[PDB]
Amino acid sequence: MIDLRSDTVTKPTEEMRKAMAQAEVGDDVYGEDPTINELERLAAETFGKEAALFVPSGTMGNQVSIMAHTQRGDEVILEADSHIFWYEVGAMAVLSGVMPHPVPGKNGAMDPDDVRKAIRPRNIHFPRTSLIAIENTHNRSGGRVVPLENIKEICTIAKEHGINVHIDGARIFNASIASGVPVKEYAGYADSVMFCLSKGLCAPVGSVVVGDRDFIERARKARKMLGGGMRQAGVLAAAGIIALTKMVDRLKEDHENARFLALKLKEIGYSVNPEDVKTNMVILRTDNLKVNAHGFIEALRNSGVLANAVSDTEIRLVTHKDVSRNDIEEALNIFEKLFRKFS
């Protein structure tokens, strides 16, 4: 089928499958897996940080970072529509015993003044604000790119207050491709960055957290506690190395396909805004259709297209390596036929 549900569905490339088969492994608990070690070295180097830590998921990456940055009772400033707040099972409260302090943002960009204002003064009644999280290519807003200036401004505020900064960079490479800002530049304004290998980069499993050596050591212990301490994970790291070093540039193709898809959907008559498509995501409203988002998703599936409804009136279409231009053209033929039926 044509899977436009998310970039998480990407499958390993032939190069990855071969590398996994001949991957040199060792027990990572003893720090003896050579491939995991190289992946972490490469990740650190790539983001200009002192160290890196491989994790089974982006969620664990964010959570071990929060654990390594905070103490029980602390407060974490984050954007009101960020993944850490909405889609991580309330892990920050259970695992770290910290409270989120949602701050509204415009497509992932929290007004620096609102962030500064959300910082807690020192008083016995108040939690200590110890961390500020920023999500780049903010998902809920539709894969929008947070301006480098916004991140720089917030980094300055954090510095003045002695507050740590964490960038949820699950799709930071998509941000870099769209903005032209090198990932090292983003990373420089943060204490830690979590980036996914299993989404647009096509690795089957995992993410990586990069930051200072002491922070990473604390995160590695947190990883052990959470259950992310694997044995011969070099098999996964082999695909991870290829994802990090050879699958970044082509993300531009996903962006081009998403824009093309949006432009053509608008032409057909669907409620989409091509001008809002900055990375690999397209938001499709169903207000003008005879069935709502849930009913339309079912019609799409029957015709060979997979997508998710994010509300009763919205569907999200996401492009990635396993959605070629031919697939986009085929999907458009299907959307054309369904518009005749459901408009």
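Start at 1 with the first residue shown and count on from there.
Novice: Comparing 165-173 with 145-153, which has the greater mean CA B-factor as deposited?
Specialist: Higher mean C-alpha B-factor in the PDB entry: 145-153.
Novice: What stretch has the higher average Cα B-factor here, 201-209 or 122-130?
Specialist: The recorded data point to 122-130.
Novice: Per the PDB entry, which option out of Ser192, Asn107, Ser82, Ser96 has the greatest Cα B factor?
Specialist: Each of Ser192, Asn107, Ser82, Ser96 was compared by C-alpha B-factor; the highest is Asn107.
Novice: When you compare the CA B-factors of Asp276, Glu40, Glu298, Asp33 as listed in the entry, which one comes out on top?
Specialist: Highest C-alpha B-factor among the listed options: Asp276.
Novice: C-alpha B factor of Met1, ranked within the chain: lowest, middle or highest third?
Specialist: It belongs to the highest third of the chain when residues are ordered by C-alpha B-factor.
Novice: In terms of the CA temperature factor given in the entry, to which third of its chain does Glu329 belong: lowest, middle or highest?
Specialist: Its C-alpha B-factor, which the entry lists for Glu329, ranks in the highest third among residues of this chain.
Novice: What third of the chain, by the recorded C-alpha B-factor, contains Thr70?
Specialist: Answer is lowest: the recorded C-alpha B-factor places it there.
Novice: Among the modelled residues of its chain, does the C-alpha B-factor of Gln232 lie in the lowest, middle or highest third?
Specialist: Lowest third - that is where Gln232 ends up once the chain's C-alpha B-factors are sorted.
Novice: Once the chain's modelled residues are ordered by C-alpha B factor and cut into thirds, is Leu265 in the lowest, middle or highest one?
Specialist: For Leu265, the deposited C-alpha B-factor lands in the lowest third.
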